[PDB]
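Below you'll find the structure, written out as structure tokens, and then a few comments.
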Amino acid sequence: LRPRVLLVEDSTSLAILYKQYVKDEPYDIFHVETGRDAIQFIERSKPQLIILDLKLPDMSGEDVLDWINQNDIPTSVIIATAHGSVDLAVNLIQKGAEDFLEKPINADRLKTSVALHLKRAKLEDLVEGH
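In PDB author numbering, the protein residues as written are 1 to 130.
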């Protein structure tokens, strides 16, 4: 019934701020610090949307996106990163990312993007389900 949002950030101080932003939003937000904990959350809990940082201490952010495409998880990925270029954004969106937010992110930049891509995914879900 209620949507799950995963937040994948090594900087776990910025994660609570991102939780503060979406505090009064109608979904649950969960936070992980490493790429392997993200993957394990995806395989178990199966969240509706991921807010994915590109810089992680164990692997790339791209590597998490690659895992979703390989195991066919129905999970929207928005990237949120520092030091992102035009070429990197393009190549990630092509790889199946649904947005690429650039740090620093506004309260309502993240809030809008999460809500929008949650909507598209929800609308496409409820036509193939009974």
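For each residue, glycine too, the CB sits at the ideal point set by N, CA and C.
- prompt: Within 10 angstroms of its Cβ, does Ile16 collect 16 or more other Cβ (buried), or is it exposed?
  reply: The sequence position of residue 16 within the sequence shown is 16, counting from 1. That one is exposed.
Presumed contact (8 angstroms Cβ cut-off) between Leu52 and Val90, rounded CB distance: Locating residue 52 in the sequence shown gives position 52, counting from the first residue. Locating residue 90 in the sequence shown gives position 90, counting from the first residue. In fact, because the Cβ distance is near 16 angstroms, the residues do not count as touching under 8 angstroms.
field: Candidates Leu126, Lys23, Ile50, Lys46, of which the one nearest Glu33 by Cα
entry: Position 33 of the sequence shown, counting from 1, holds the residue named residue 33. Of the listed residues, the one whose Cα sits closest to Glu33 is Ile50.
- request: On the DSSP bridge assignment, give the partners of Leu6 in chain order.
  value: The residue given as residue 6 occupies position 6 in the sequence shown. In DSSP, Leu6 forms a bridge with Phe30, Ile50.
task: Count the other CB atoms, across all protein chains shown, that sit within 10 Å of the CB of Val127; report buried if there are 16 or more and exposed otherwise.
output: Your numbering for residue 127 matches position 127 in the sequence shown. Exposed, by the Cβ-count rule.
message: Taking the straight line between their C-alpha atoms, what separation do you get for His83 and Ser13?
response: What you label residue 83 is simply residue 83 of the sequence shown in a count that begins at 1. What you label residue 13 is simply residue 13 of the sequence shown in a count that begins at 1. So the alpha carbons of these two residues sit roughly 19 angstroms apart.
- request: Go ahead and label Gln40 buried or exposed: buried means 16 or more other beta carbons lie within 10 angstroms of its beta carbon, across all protein chains shown.
  value: The residue given as residue 40 occupies position 40 in the sequence shown. Under this definition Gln40 is an exposed residue.
message: One question on the structure: do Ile68 and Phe100 come within less than 7 angstroms of each other, judged by their Cβ atoms?
response: On the sequence shown, position 68 is the one that residue 68 refers to. On the sequence shown, position 100 is the one that residue 100 refers to. No, these two residues do not count as a Cβ contact at 7 angstroms.
- prompt: If you drop the 5 nearest sequence neighbours on each side, which residues of the same chain put their C-beta closer than 7 angstroms to that of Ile29?
  reply: In the sequence shown, the residue the question calls residue 29 occupies position 29. Excluding sequence neighbours, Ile29 sits near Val5, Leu7, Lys19, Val22.
Exposure label - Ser76; buried when at least 16 CB within 10 Å: One-based indexing of the sequence shown puts residue 76 at position 76. Buried, by the Cβ-count rule.
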